Every structure is written in C-alpha cells, then in structure tokens.
> 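Got a structure for you, questions after.
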Amino acid sequence: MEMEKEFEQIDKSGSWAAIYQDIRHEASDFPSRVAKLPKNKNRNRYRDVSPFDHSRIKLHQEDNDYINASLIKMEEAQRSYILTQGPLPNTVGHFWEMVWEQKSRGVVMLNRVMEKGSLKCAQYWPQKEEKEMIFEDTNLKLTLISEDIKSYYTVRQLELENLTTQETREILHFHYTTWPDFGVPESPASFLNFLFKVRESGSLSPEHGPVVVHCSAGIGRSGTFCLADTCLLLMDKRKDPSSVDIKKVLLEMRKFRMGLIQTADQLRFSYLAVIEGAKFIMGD
Ligand SMILES: CS(=O)(=O)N1CCCc2ccccc21
C-alpha cells in the first residue's frame, strides 16, 4: 500500500500509538550478555540500551573489547551503519579507536552536548585548531582542521592520527544542531537537506567503512536517520517504489540494535521524511 495513503489513514484514525506498540511487540530479542558484565558498567550510558552480542562492534584489544555500538547491515539496500551511544567521559578514547579500526570516513551527531539542562554526551572533539586532543588510553591524536557553521547543521574536518604508526586520516563530522529538546521537527525539510549533505560527502559509500551515527542513546534520532536513508535508497533501486514498507524495514533494522525509533512521534516523523524525500529525488 502507498505509504502516503497509509499515512493519511493513520492520521485520520489517530492510530500512531497502536501501530508503534505492534512494532514493539514483533521486534527481535537477542542476548546482550557482554554489555551486562560488571566490568562494563561505566561503558554504558543507559541500563536499558545495550548492543546485541551477535552484531556488537569489537575493539581490537585483548584487555576489554567492549563498546556500546552495533553494526546495522542492510543486504538489499547495500548500506551498513554503526549506531552508538554518545561517548562518556571514560569511552571517548574507545569511540575514536572504533572509528580508526572500522575505517569510517564520517561521524553523524544528532544531539547537542547539553539538552534539557543535562549532559547528553562528552565534548569528544576539539573546538579550536590550536588545541588538539590526545587519547592516551588508545594512542590517538585528534585535530580540528576547519569548521563550517550553517543555520541547521555544522560540518567539521578532523585529522585522526594513530600515534603508534604515524598514519593520518581525514574524518568528516556532520552535526545536526537544531533537533528540538522535546518532540520532533515540524517539517522534515532541514533533516532531509542534512541527510543529502552526508550522502554528497562520500561518508555512506562502499569505498569507506560504515558511517558512525549517534545521539544520546543511539536508538531514537539515530534510528530515524538510518531508516529514512535506507527506505529512500530502496525506492530508487526497485521497479515498484510503492512496494517499500517502512514498518518491515524498521523491523529488519531492529534485528541488529534494540529500540530503534523511541516514540510514535518519531515513527510519524520517519514516514513524513520518506514521503517528502521521495518527491524531491523524483526530479519533482
Ligand atoms: C494520537 S496518535 O496516537 O495518533 N499520535 C501518537 C503520537 C505521535 C502523533 C503525531 C501526530 C498525530 C498523532 C500522533
């Protein structure tokens, strides 16, 4: 069923809470035993948000390989994403170790460091060119190269150096700075413009490791970003774009990380973004 008609029928019937609970009931339940080990308590922001064992990213070290991060591998769309929590004071070195080891070209940040008067993630990148950051626990150096501040987002060029080998790489930081503290954006226009800037950069392409995507827990806004991107790519690839079923794509992605899309308002927003983004790409 054309999702735009499904959309108007859910709106007219006011049945967004019922549709969202049906997704919650059908979602996969896989073990997360490594996340719950006592040694990993200060590596988790939220007790109820953990990576599954089967899809978790492993750090390349014998001491403790754990990070709160999941590989979302979308087979038909030929896209992969790493979804992760906002870094904690004791996991900023792990975060950049993961970017290095997975060969990522982009980091997508969908939160502010402070929201609702509380810290939602560590200040994990440098704010001034002449004040670089050294992560002694993972042997990395990170330097701010340039910053472009726009009304709805900021793009940063960063240099990450592996101090062990003196190899360097350019990382692109895409920071969506205007998601409201409560609810979802009224229009998906700035969020779609942002998604198109990340695509334009090469950060989502198969010549690179997977993009790293985060918010505070790495499931709500982060889930909206990957769900919208995958649904639009399938609408381009298939003979019948009207066959793309957003609820079935979301349940496929929930095989790889729990809790993607946190509210009925985030579900409605993801439908709006896909419907509006389909028109704009259609030369329309
Ligand atoms: C009353 S509702 O269940 O249909 N609902 C649930 C929460 C999200 C939403 C957004 C716009 C309009 C209705 C809703």
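For reference, positions follow the sequence shown, starting with 1. Atoms within each ligand, like the ligands themselves, are counted from 1 in listed order. Any value given below was found using the heavy atoms of this structure, including those in side chains, with hydrogens, waters and symmetry copies removed.
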> Determine the sole option in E161, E132, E167 for which the salt bridge (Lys or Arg N to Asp or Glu O under 4.0 Å) test with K141 is passed.
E161
> What do you reckon, does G14 have a nitrogen or oxygen under 3.5 Å from a nitrogen or oxygen of ligand 1?
yes
> May I ask you to list the atoms of ligand 1 that are less than 4.0 angstrom from any heavy atom of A17?
3 (O)
> Could you identify the single nearest non-hydrogen protein atom to atom 7 (C) of ligand 1 and state the distance to 0.1 Å?
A264 CB, 3.6 Å
> Distance to 0.1 Å, residue and atom name: give those for the protein heavy atom nearest to atom 6 (C) of ligand 1.
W16 CB, 3.6 Å
> So, do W179 and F194 have ring centers that fall under 6.0 Å from each other?
no
> Out of all atoms in ligand 1, which are within 4.0 Å of some heavy atom of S15? Include the element for each.
4 (O)
> Among pairs that include at least one residue of residues 16-36, which meet salt bridge (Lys or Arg N to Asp or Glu O under 4.0 Å), considering only residues two or more places apart or in two chains?
none
> Please list every donor-acceptor pair under 3.5 Å in which a side-chain atom of residues 214-228 meets a protein atom from a residue at least two apart or in another chain.
unit_1 : atom_1 : unit_2 : atom_2 : d
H214   : ND1    : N111   : OD1    : 3.4
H214   : NE2    : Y124   : OH     : 2.6
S216   : OG     : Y46    : OH     : 2.8
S216   : OG     : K120   : O      : 2.9
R221   : NH1    : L110   : O      : 3.1
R221   : NH1    : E115   : OE1    : 3.4
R221   : NH1    : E115   : OE2    : 3.0
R221   : NH2    : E115   : OE1    : 3.0
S222   : OG     : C215   : N      : 3.1
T224   : OG1    : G220   : O      : 3.2

> Are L142 and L144 connected in the hydrophobic side-chain network, where two residues link if heavy atoms are under 4.5 Å apart?
yes
> Identify the closest protein heavy atom to atom 11 (C) of ligand 1: which residue and atom is it, and at what distance?
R268 CD, 3.1 Å
